2 protein chains.
Amino acid sequence: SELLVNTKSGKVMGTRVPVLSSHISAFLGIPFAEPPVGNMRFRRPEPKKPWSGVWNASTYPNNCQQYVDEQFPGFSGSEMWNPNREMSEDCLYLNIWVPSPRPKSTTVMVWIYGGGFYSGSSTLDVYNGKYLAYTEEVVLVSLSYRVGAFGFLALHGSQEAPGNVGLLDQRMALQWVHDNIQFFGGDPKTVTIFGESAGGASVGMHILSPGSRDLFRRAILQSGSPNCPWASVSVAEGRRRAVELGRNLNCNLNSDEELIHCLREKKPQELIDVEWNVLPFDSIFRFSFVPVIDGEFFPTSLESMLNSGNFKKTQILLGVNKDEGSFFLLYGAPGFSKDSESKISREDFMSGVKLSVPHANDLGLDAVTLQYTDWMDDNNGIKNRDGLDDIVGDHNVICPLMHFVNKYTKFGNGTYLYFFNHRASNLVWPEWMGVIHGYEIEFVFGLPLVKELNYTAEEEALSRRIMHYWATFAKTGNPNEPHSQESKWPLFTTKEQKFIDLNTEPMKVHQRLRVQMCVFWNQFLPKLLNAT
Amino acid sequence: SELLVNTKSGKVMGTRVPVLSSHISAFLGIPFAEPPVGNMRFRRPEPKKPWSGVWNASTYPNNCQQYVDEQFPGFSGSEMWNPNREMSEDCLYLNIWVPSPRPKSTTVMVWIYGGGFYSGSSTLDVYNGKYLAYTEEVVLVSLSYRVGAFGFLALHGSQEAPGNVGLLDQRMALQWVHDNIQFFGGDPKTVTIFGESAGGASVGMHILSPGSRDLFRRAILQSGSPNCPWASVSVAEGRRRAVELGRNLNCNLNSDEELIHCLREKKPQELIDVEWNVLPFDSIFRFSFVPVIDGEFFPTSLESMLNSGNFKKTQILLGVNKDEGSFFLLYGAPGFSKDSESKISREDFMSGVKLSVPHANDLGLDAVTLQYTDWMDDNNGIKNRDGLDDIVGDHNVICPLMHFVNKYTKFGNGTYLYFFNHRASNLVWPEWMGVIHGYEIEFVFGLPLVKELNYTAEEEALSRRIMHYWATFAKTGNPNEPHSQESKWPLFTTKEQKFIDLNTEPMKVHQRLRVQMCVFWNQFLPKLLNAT
C-alpha cells in the first residue's frame, strides 16, 4: 500500500490527504526519539526504540510544552502561532508529506520551526507541507524539538542538563531522515534543512556544529542566523539563569544534582510560569533558555568559527523581511498598541532604544539614538516609530544575518540573498507593523494557492515563484531554472554582494543590503562597547 | 579742512580718495599704541603717547610681522592674503574711511581681520573700506593686532609674556574708537565690531571678556566663533608651546625670565621660521600661538561662560560659508592638489580624518569616518573628497558656531544667521574647493561694485544686499529695512532656529543649519572622547 512504509524503526501507516483538487500521502506524528520525560527531562535525546506492528501516522502529534501567547485572546494574528494540539513533554515526533505516486529518490526538505527557542509547533496551519510537497514534487519533512527550559536549561559540566538538548533533538530527527527517508521516496543525499527565526538560527547552527554537518546537503535560513544576539549565551550566563529558575521555584541550590532533581519534580507549567523571570535585563527580543556555546556542540566561539571557515561548505539561500522588529515592540515597548498608529514620542523612543539594546552602556545608547534620529524632525511620531522598528530589526535580525552571509560566502560554494518586502493583502495586524517577522512563511508554504484563504492573484503568483525558488535551490543548489527566460536571481559574491527583492513587482537586484546600518551594528558599536 | 581732525591723541591729516566716481576721506595708519618693540615684545600694549603737530595719515601703515604663504608664488588666490606692506613689529595702527561731507554722528563699523591668529593685515585690497563707507554711509574702521608668537606667546604667571596681548591690541584700538571716533563723525555708542575667521572668533571673545564688553554696541561674526577648537588653548598648552619655541632657537630654559629674554633678542624672522614646529599633533586647521584661557581676559572656561550667560547681551549677526574646509585640505592633506580634481581614495580619506581631528583616539576616528562615509559607494573619489571637506568645515567652523549661536541666543537680544553659498564667478581657485573660507569677504566689502574686477551683475546685486544687511544691522540691530517690501531675513530663535541662504537666488529660509552633523560634533563625539 502507498500509505504503508517499512522503516528501520518499524512500519508506519500514513493517510491520504486532499490538496488543490488532488491528493498526496501524509505520515504524521512519527516518533524519532524516546519520550524525554521523567528522569529524562533536560537530558540529551535517545533514539526511539524500534516497534513491532504498524505505527498509526494519520494524526498530528502533541506539541512540546511551552509558554502560550494570550496577549490577544481570540485574535487570529497571534493565535496562529500558538500550539494547536495538546501540549506534552512527550513530543519528539516528525511529519512527512510524500507526493503520489510515491517517488523513488527525490529532493527532500526538512522544516525547523522558529519561536525564539521558547515556543513553536510543527503542526501549525502555516506549516502544512502538503502544498509545497504537492506543487514542487518534493518530500517535505517537519521536525520538532524541545523548547524553553525543557530544551535549553544549561548547567555546563553536568550530564543531566548539559544544554543544547533541543538542538540535539533536531539533529536526531535529521539523523532519522538520513537513515530512513529513502523508504518514503526521498534522496537522503539531497536534503535541504530550512527554517525561520530561531529555526533559521538552528539551521546555521547545524552548518557550524561538526556533529550535524554530514546530515544534510544544503540550507535555507529565513530571518535568522546562528550569530544573532538572542540565539545563544555563554555557559556562565546559562548556568546563572538555570540557578535563578531554581530560585523562583524555591529549589535547593547547593548542587547541580539537587537543582536538577528539584526541577524534574515540577509539573511543566510550573517552569513555564516563571521562565521569563530569569532574563538579566529589562529587554525586548531576548529569550530565557537558548543554545549555549559549550565547547562541544560548538567547538569554539561562533565568531572564531566563522572567521576560520570552521563550518560546512555548501550552498545557502537566506534573507530577511522588511519589518522584523514591529512584533517585539508591539508586545513590550512603551507607546505601541495593536489598535493605534503607535506614533512614538521622543520619550518613548529613547525608552525603546534602552529596551532594544539592553547590554549597552550610556555612550552606546547615545550612539544608537543618534544613528536612527532625524534631527531636522525629531518629534515626528511616525519617524520615531519606524526608526525604533528598524533598530530592533537591524540589531536582532538583519545585521547579524549580513555578518553571517559575508563571513560564510568567503568559504562557501554559493550564496543567494533575498529581501522580502511584500505585505500580505489579508494581514490582520495593523498597518504600522509592515512586513512582519514570520509572514513570508505563508508564501513559502503556499497558503496563497488556496482560494478560500483570500489572497490576491499576484500573491498566488508570488507564492509559486518563491516555492519554486526554494525547491529548485533544494534540488540543484541554485534557485534559478537552467534555461529559463525568467529574470535571474544573481549569486551573492564577496565583491558585488547582490541580492533581490521578493514581492509582486518585477524582480529588482540590489547590492549591500542595509550596509550603512550594519557597519554600525557589526563594526562600530561592538568596538565602542568594548572600549568603554 | 575736511581732512584735518583733532583727536585726543593729537591732530591727524587724512587724504581724499576716489570711489565709484565720487570721493570720501581716508585716515590711514593712525597709531593707537606705543610700538611694541624691544623689551615691549610679548607685553600688553601701552597707549600711544599724544603727539604735537599733524600726523600724516595719508598712507597705509606697516603690517605686523608674520609667516608668509609662499605655497603658490605669483598666484593671486593666495597672495591676496599676504602682507602687501613692509612687515614690522611697529605695526599697531588703525584706518578710518569717512563719508564726505563728514557726518555728525553716524553708525561705526570696526573690522577685525582673520588669519588664524598667525597672520593677517588691515591693508589688503579685499579690506578696502571705502566702498562700504561710501555706499552705506558709515564710518568704517579697520584695526590691527599682533599675531603669531608676537601676539600670543603665553607664559602664564609672568607679566613679561602673559598671553592674549594680541587681543589686548584689538581692545586698545576699540578703546581709541570709543574715545575719538566722535571727531570723525562717528557715533561712539553705535559701533559694530565684525570680523572673519580668527577675526570672528576675536569678536566673540570681546563679547565674552568683561574688559571688552563696554567698548562696542553690536557684533557680526563671519566664519568663526570664540569656542572654535583652534581659537584657544589652556595655559598649560600655551606654556608648553612657548617652551618648545625656545627649544627650537636654543634658548636657556631654566626660567621664564631667561626664556623671554632669549626670545626678545631674536630677529622677528627667527621666531617665524620655527613657529610651526611647536604644534602638539600632525594636524590641519591648528595654529601655534592663539588666545589662552587665562582666568583674566577670560574669567573661566568658555563653555561655563556661555552656559551661565556670562557675556555681553546685545544683537548679533553671524554665519558661515558652504565649504570652509577646502583651503586647509589643499594645503596639508594627502591627495589634494590645486590643479587636479583631487578625487580622494579610501586611504587618503582616513589619513585626512586623522589630520582633521588630531585629538581623537581610534574609536573617535572611527566614529567620524562612519559619520561621513556612504557605505554603498565608499570608493567614490568625489564623495570622499567632499566628505573630508565637510568634516574640516563642520568640526572647525560650522558646528562650533552653531553651538555658540544656540547658547548665545538663550540670553541675547536678537540673532540673525546666514549660510553663504555663492561661488564667485571670477574665483581663481579650482572648482572642487567650492565656496571657500574667506570668500564672502569681498562681497561684504563691495568689491563686486567695481566693474574692472570682473564680477557679474547678480554678484554686484548680491554685494549691495549684503552690505546693506550688514550696515542696517550695525545701525539698528536688525538687517531688515523697517517698511521694506523686500524678502525678510527672519530672526533666529531657540525654537525655530531659522536662517537664510546668501546667494544670487531669491531668499530661502531654512531651519537647524547642519543639525545632524553638529549634534555629532557638539554632543556625541565629545562624550565619546571623554568616556574613552
# chains A, B, ... in the order shown; residues from 1 in each chain; ligands from 1

$ closest_atom_pairs --of "range 143-244 of chain B" --to "range 318-329 of chain B" --cutoff "10 Å" --atoms "only C-alpha atoms" --output "JSON lines"
{"residue": "B:194", "atom": "CA", "partner": "B:318", "partner_atom": "CA", "distance": 9.2}
{"residue": "B:195", "atom": "CA", "partner": "B:318", "partner_atom": "CA", "distance": 9.8}
{"residue": "B:196", "atom": "CA", "partner": "B:320", "partner_atom": "CA", "distance": 9.5}
{"residue": "B:197", "atom": "CA", "partner": "B:320", "partner_atom": "CA", "distance": 9.5}
{"residue": "B:200", "atom": "CA", "partner": "B:318", "partner_atom": "CA", "distance": 8.7}
{"residue": "B:219", "atom": "CA", "partner": "B:318", "partner_atom": "CA", "distance": 8.3}
{"residue": "B:220", "atom": "CA", "partner": "B:318", "partner_atom": "CA", "distance": 5.4}
{"residue": "B:221", "atom": "CA", "partner": "B:318", "partner_atom": "CA", "distance": 4.5}
{"residue": "B:222", "atom": "CA", "partner": "B:319", "partner_atom": "CA", "distance": 5.5}
{"residue": "B:223", "atom": "CA", "partner": "B:320", "partner_atom": "CA", "distance": 4.5}
{"residue": "B:224", "atom": "CA", "partner": "B:320", "partner_atom": "CA", "distance": 7.7}
{"residue": "B:225", "atom": "CA", "partner": "B:318", "partner_atom": "CA", "distance": 9.1}

$ write_last_selection --atoms "N, CA, C and O atoms" --output "mmCIF file, in the first residue's frame"
data_model
loop_
_atom_site.group_PDB
_atom_site.id
_atom_site.type_symbol
_atom_site.label_atom_id
_atom_site.label_comp_id
_atom_site.auth_asym_id
_atom_site.auth_seq_id
_atom_site.Cartn_x
_atom_site.Cartn_y
_atom_site.Cartn_z
ATOM 1 N N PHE B 194 33.101 93.660 13.613
ATOM 2 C CA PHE B 194 32.852 92.499 12.776
ATOM 3 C C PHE B 194 34.171 91.969 12.257
ATOM 4 O O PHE B 194 35.134 92.720 12.121
ATOM 5 N N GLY B 195 34.228 90.665 12.022
ATOM 6 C CA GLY B 195 35.454 90.058 11.541
ATOM 7 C C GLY B 195 35.221 88.659 11.016
ATOM 8 O O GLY B 195 34.181 88.057 11.268
ATOM 9 N N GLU B 196 36.203 88.136 10.292
ATOM 10 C CA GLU B 196 36.101 86.810 9.700
ATOM 11 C C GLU B 196 37.165 85.861 10.247
ATOM 12 O O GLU B 196 38.286 86.267 10.536
ATOM 13 N N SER B 197 36.790 84.593 10.379
ATOM 14 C CA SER B 197 37.673 83.547 10.893
ATOM 15 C C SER B 197 38.224 83.956 12.261
ATOM 16 O O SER B 197 37.448 84.227 13.172
ATOM 17 N N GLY B 200 36.442 86.695 13.531
ATOM 18 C CA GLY B 200 35.113 86.415 14.040
ATOM 19 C C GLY B 200 35.230 85.843 15.445
ATOM 20 O O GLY B 200 34.439 86.166 16.329
ATOM 21 N N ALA B 219 27.579 93.171 17.314
ATOM 22 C CA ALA B 219 28.621 92.352 16.705
ATOM 23 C C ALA B 219 28.187 91.462 15.551
ATOM 24 O O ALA B 219 27.047 90.989 15.497
ATOM 25 N N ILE B 220 29.131 91.237 14.639
ATOM 26 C CA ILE B 220 28.946 90.396 13.460
ATOM 27 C C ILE B 220 30.123 89.427 13.420
ATOM 28 O O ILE B 220 31.279 89.851 13.508
ATOM 29 N N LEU B 221 29.823 88.135 13.298
ATOM 30 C CA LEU B 221 30.848 87.099 13.248
ATOM 31 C C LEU B 221 30.738 86.289 11.954
ATOM 32 O O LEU B 221 29.729 85.631 11.706
ATOM 33 N N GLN B 222 31.785 86.341 11.139
ATOM 34 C CA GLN B 222 31.809 85.627 9.870
ATOM 35 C C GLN B 222 32.781 84.442 9.922
ATOM 36 O O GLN B 222 33.980 84.608 10.147
ATOM 37 N N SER B 223 32.237 83.245 9.734
ATOM 38 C CA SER B 223 33.022 82.018 9.718
ATOM 39 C C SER B 223 33.962 81.853 10.904
ATOM 40 O O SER B 223 35.116 81.466 10.733
ATOM 41 N N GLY B 224 33.474 82.148 12.099
ATOM 42 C CA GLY B 224 34.311 81.998 13.272
ATOM 43 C C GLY B 224 33.598 82.325 14.565
ATOM 44 O O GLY B 224 32.747 83.204 14.604
ATOM 45 N N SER B 225 33.941 81.609 15.628
ATOM 46 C CA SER B 225 33.345 81.843 16.937
ATOM 47 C C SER B 225 34.412 81.599 18.006
ATOM 48 O O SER B 225 35.374 80.876 17.779
#

$ interface_residues --of "chain B" --to "chain A" --cutoff "7 Å" --atoms "only C-alpha atoms" --output "NGL selection string"
:B and (363 or 375-376 or 512 or 515-516 or 528 or 531-532)

$ write_last_selection --atoms "N, CA and C atoms" --output "CSV table (one decimal), in the first residue's frame"
chain,number,residue,atom,x,y,z
B,363,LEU,N,38.8,55.1,18.5
B,363,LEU,CA,37.3,55.0,18.5
B,363,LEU,C,36.7,56.3,17.9
B,375,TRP,N,28.6,54.0,2.8
B,375,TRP,CA,29.0,52.7,2.6
B,375,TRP,C,28.5,51.9,1.3
B,376,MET,N,27.5,52.6,0.6
B,376,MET,CA,27.0,51.9,-0.6
B,376,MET,C,27.9,52.4,-1.8
B,512,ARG,N,17.6,74.9,11.5
B,512,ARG,CA,18.5,73.9,12.0
B,512,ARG,C,19.7,73.6,11.1
B,515,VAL,N,22.2,70.5,11.5
B,515,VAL,CA,22.0,69.9,12.8
B,515,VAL,C,22.5,68.5,13.0
B,516,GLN,N,22.2,67.6,12.0
B,516,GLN,CA,22.6,66.2,12.1
B,516,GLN,C,24.1,66.1,12.5
B,528,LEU,N,32.0,60.7,23.6
B,528,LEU,CA,32.8,59.5,23.3
B,528,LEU,C,34.3,59.7,23.8
B,531,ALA,N,34.7,59.6,27.6
B,531,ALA,CA,34.5,58.3,28.3
B,531,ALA,C,35.6,57.3,27.9
B,532,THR,N,36.1,57.4,26.7
B,532,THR,CA,37.1,56.5,26.2
B,532,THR,C,38.5,57.2,26.2

$ atom_distance --atom1 "CA of residue 160 in chain B" --atom2 "CA of residue 240 in chain B"
16.4 Å

$ residues_around --residues "residue 418 in chain A" --least-positions-apart "2" --cutoff "12 Å" --atoms "only C-alpha atoms" --output "number ranges by chain"
A: 220-223, 316-322, 398, 401-402, 405, 415-416, 420-421, 440, 466, 469-470, 479, 489-492, 497-503, 507-513

$ select_by_dssp --residues "range 98-336 of chain A" --states "strand (DSSP E)" --output "PyMOL selection string"
chain A and resi 98+106-112+139-142+186-196+218-222+315-321

$ residues_around --residues "residue 348 in chain B" --least-positions-apart "2" --cutoff "12 Å" --atoms "only C-alpha atoms" --output "compact mmCIF listing (two decimals) with N, CA and C atoms, in the first residue's frame"
# COMPACT_ATOMS: atom_id res chain seq x y z
N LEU B 329 42.64 71.58 3.46
CA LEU B 329 42.93 70.27 2.90
C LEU B 329 43.90 70.44 1.73
N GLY B 332 47.41 70.99 3.32
CA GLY B 332 48.09 69.99 4.12
C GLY B 332 47.62 68.54 4.17
N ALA B 333 46.62 68.17 3.37
CA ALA B 333 46.13 66.79 3.38
C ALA B 333 46.53 66.01 2.13
N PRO B 334 46.97 64.76 2.30
CA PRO B 334 47.38 63.94 1.16
C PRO B 334 46.26 63.72 0.15
N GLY B 335 46.59 63.81 -1.14
CA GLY B 335 45.60 63.61 -2.17
C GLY B 335 45.04 64.87 -2.80
N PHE B 336 45.16 66.00 -2.11
CA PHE B 336 44.64 67.26 -2.64
C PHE B 336 45.70 68.09 -3.36
N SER B 342 41.29 66.45 -7.37
CA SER B 342 41.50 65.94 -6.03
C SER B 342 40.50 64.86 -5.60
N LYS B 343 40.28 63.87 -6.46
CA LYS B 343 39.39 62.78 -6.09
C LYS B 343 40.20 62.00 -5.05
N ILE B 344 39.60 61.73 -3.90
CA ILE B 344 40.30 61.06 -2.81
C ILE B 344 39.98 59.57 -2.62
N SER B 345 41.03 58.78 -2.40
CA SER B 345 40.89 57.34 -2.18
C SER B 345 40.46 57.08 -0.74
N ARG B 346 40.15 55.83 -0.42
CA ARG B 346 39.76 55.50 0.94
C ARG B 346 40.97 55.75 1.82
N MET B 350 40.89 58.37 5.16
CA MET B 350 41.15 58.10 6.56
C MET B 350 42.39 58.83 7.05
N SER B 351 43.32 59.12 6.15
CA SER B 351 44.52 59.88 6.52
C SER B 351 44.07 61.31 6.82
N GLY B 352 43.16 61.81 5.99
CA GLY B 352 42.65 63.16 6.18
C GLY B 352 41.86 63.28 7.47
N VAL B 353 41.12 62.23 7.83
CA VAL B 353 40.32 62.26 9.05
C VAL B 353 41.22 62.39 10.28
N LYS B 354 42.32 61.65 10.28
CA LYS B 354 43.29 61.66 11.38
C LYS B 354 43.90 63.05 11.53
N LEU B 355 44.19 63.69 10.40
CA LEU B 355 44.77 65.04 10.38
C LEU B 355 43.74 66.08 10.83
N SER B 356 42.47 65.86 10.50
CA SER B 356 41.41 66.81 10.85
C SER B 356 40.98 66.78 12.31
N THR B 369 34.72 58.83 10.72
CA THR B 369 34.73 58.13 9.44
C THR B 369 33.37 57.53 9.09
N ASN B 379 34.21 53.93 -2.40
CA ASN B 379 35.39 54.23 -3.22
C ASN B 379 35.13 55.35 -4.23
N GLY B 381 35.62 58.71 -5.34
CA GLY B 381 36.61 59.75 -5.10
C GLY B 381 36.03 61.11 -4.79
N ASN B 384 34.44 61.04 -1.23
CA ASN B 384 35.46 61.09 -0.19
C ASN B 384 36.05 62.51 -0.09
N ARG B 385 36.35 63.13 -1.23
CA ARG B 385 36.88 64.49 -1.21
C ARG B 385 35.90 65.45 -0.53
N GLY B 387 33.39 64.67 1.41
CA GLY B 387 33.14 64.25 2.78
C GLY B 387 34.19 64.84 3.71
N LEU B 388 35.43 64.83 3.25
CA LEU B 388 36.56 65.35 4.01
C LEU B 388 36.43 66.87 4.14

$ residues_around --residues "range 118-121 of chain B" --least-positions-apart "5" --cutoff "6 Å" --atoms "only C-alpha atoms" --output "PyMOL selection string"
chain B and resi 63+66+83+147-148

$ write_last_selection --atoms "N, CA, C and O atoms" --output "PDB file, in the first residue's frame"
ATOM      1  N   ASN B  63      52.616  96.201   8.116  1.00  0.00           N
ATOM      2  CA  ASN B  63      51.821  95.056   8.555  1.00  0.00           C
ATOM      3  C   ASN B  63      52.624  94.376   9.665  1.00  0.00           C
ATOM      4  O   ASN B  63      53.854  94.391   9.632  1.00  0.00           O
ATOM      5  N   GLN B  66      54.818  88.439  10.360  1.00  0.00           N
ATOM      6  CA  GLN B  66      54.063  87.200  10.219  1.00  0.00           C
ATOM      7  C   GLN B  66      54.624  86.213   9.205  1.00  0.00           C
ATOM      8  O   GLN B  66      55.442  86.561   8.349  1.00  0.00           O
ATOM      9  N   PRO B  83      50.831  89.874   3.359  1.00  0.00           N
ATOM     10  CA  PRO B  83      51.042  91.290   3.669  1.00  0.00           C
ATOM     11  C   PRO B  83      51.374  92.031   2.373  1.00  0.00           C
ATOM     12  O   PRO B  83      52.173  91.540   1.578  1.00  0.00           O
ATOM     13  N   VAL B 147      50.150  89.198  15.775  1.00  0.00           N
ATOM     14  CA  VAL B 147      49.820  87.805  15.502  1.00  0.00           C
ATOM     15  C   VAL B 147      51.033  86.908  15.789  1.00  0.00           C
ATOM     16  O   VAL B 147      52.136  87.399  16.057  1.00  0.00           O
ATOM     17  N   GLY B 148      50.820  85.595  15.736  1.00  0.00           N
ATOM     18  CA  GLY B 148      51.904  84.664  15.993  1.00  0.00           C
ATOM     19  C   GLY B 148      52.435  84.787  17.410  1.00  0.00           C
ATOM     20  O   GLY B 148      51.738  85.257  18.306  1.00  0.00           O
TER      21      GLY B 148
END

$ residues_around --residues "residue 168 in chain A" --least-positions-apart "4" --cutoff "10 Å" --atoms "only C-alpha atoms" --output "ChimeraX atom specification"
/A:43-46,145-146,151,163-164,172-174,206,211-212,297

$ write_last_selection --atoms "N, CA and C atoms" --output "CSV table (one decimal), in the first residue's frame"
chain,number,residue,atom,x,y,z
A,43,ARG,N,17.8,16.0,29.6
A,43,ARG,CA,18.8,15.1,29.0
A,43,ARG,C,18.9,15.1,27.5
A,44,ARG,N,20.0,14.7,27.0
A,44,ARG,CA,20.2,14.6,25.5
A,44,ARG,C,19.2,13.5,25.1
A,45,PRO,N,18.6,13.6,23.9
A,45,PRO,CA,17.6,12.6,23.5
A,45,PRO,C,18.2,11.2,23.2
A,46,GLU,N,17.4,10.2,23.3
A,46,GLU,CA,17.9,8.8,23.0
A,46,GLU,C,17.0,8.4,21.8
A,145,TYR,N,11.3,19.8,18.3
A,145,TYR,CA,12.4,19.8,19.3
A,145,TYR,C,11.9,20.5,20.6
A,146,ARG,N,12.5,20.1,21.7
A,146,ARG,CA,12.2,20.7,23.0
A,146,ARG,C,12.6,22.2,23.0
A,151,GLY,N,14.3,22.4,26.7
A,151,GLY,CA,15.2,22.1,25.6
A,151,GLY,C,16.6,22.8,25.8
A,163,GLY,N,22.6,21.2,28.3
A,163,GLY,CA,22.2,22.3,27.5
A,163,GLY,C,22.2,21.8,26.0
A,164,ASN,N,21.7,22.7,25.2
A,164,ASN,CA,21.6,22.4,23.7
A,164,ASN,C,20.8,21.1,23.4
A,172,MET,N,18.8,14.6,16.0
A,172,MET,CA,18.3,13.2,16.0
A,172,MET,C,17.3,13.0,14.9
A,173,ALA,N,16.5,14.0,14.6
A,173,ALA,CA,15.4,13.9,13.6
A,173,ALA,C,16.1,13.9,12.2
A,174,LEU,N,17.1,14.8,12.1
A,174,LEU,CA,17.9,14.8,10.8
A,174,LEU,C,18.6,13.5,10.6
A,206,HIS,N,23.6,24.1,12.7
A,206,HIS,CA,23.9,22.7,12.2
A,206,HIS,C,25.0,22.8,11.2
A,211,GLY,N,29.2,17.9,14.5
A,211,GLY,CA,28.3,16.7,14.6
A,211,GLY,C,27.0,16.7,13.8
A,212,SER,N,26.7,17.8,13.2
A,212,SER,CA,25.5,17.9,12.4
A,212,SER,C,25.7,18.0,10.9
A,297,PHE,N,28.9,21.1,21.2
A,297,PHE,CA,28.1,21.2,20.0
A,297,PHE,C,28.8,22.3,19.2
